[PDB]
């Protein structure tokens, strides 16, 4: 609904990034179940579990059918291949859904969605107010507004809940980024084209060690190296937020910059949880606060009462 203004500039970049993070999780995923087979050949000559080396030349005959090649692929794809290479597309999906759903969980929990639901309502109407024109430079209906916003100020003034949740979201969408890099940089070298496996199934095929190949290992390094670069730019967004979300100390509002402009001084600072909801709407666009900066002044209420 009408929550576009409620999202600052930095949380607009993030909503697009958290999609393209998902696009390379379904594209890498459909490409990993349809395919991501392994090819595997035995090594006749071997030295310590390593394929050492060996008129016109001719092929080598291992005397193996197709099902023995297809059996050893599954073994050397299940056992001697890192779980990160096989599950990378399913894993970035699980994480980006968290990074995404955490943002919107603050809009679904009814203890907090209700407070947002009517706060943006009274600001959206106050923006369109003929009296704000005169103050910036059948009134009894407009008096009920003054009593509404006076009630809605005294209704939400007991404690912080949305400033608690929205502070949790940027506390937990930074730890994840700090957790992602802990494992996604430490396990990307595990994926690689050339794979050697040794699985002890001599009884079936006749060989010990099998050199193998993972053809999509190169295409997953690209997505992974494109993913984590699509997550530090994400992480740089949320870092400046907490730099901005604690330096300001916005437990209350500061109307001191407009009280000179209106020259009324009958408008006091709002105590808690009415500032913060207002503080980011001014960070979105600074007009919507100065038109709401008049409904709290009793002189303006008096001039409206006339």
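Residue numbers count along the first chain shown, from 1. Between two forms, the rigid core is the largest collection of C-alphas that superpose within 1.5 Å.
In terms of root mean square C-alpha deviation after superposing on the rigid core in 6 other deposited structures of this protein, the stretch standing farther out between 201 to 209 and 168 to 176 is 201 to 209. In 6 other deposited structures of this protein, superposed by the rigid core, the C-alpha atoms of 42 to 50 lie farther from the shown form than the other of 42 to 50 and 28 to 36. The gap between residue 137 and residue 138 holds 10 or more unmodelled residues of the deposited sequence. In terms of unmodelled positions of the deposited sequence, the stretch from residue 54 to residue 55 in this entry skips 10 or more residues.
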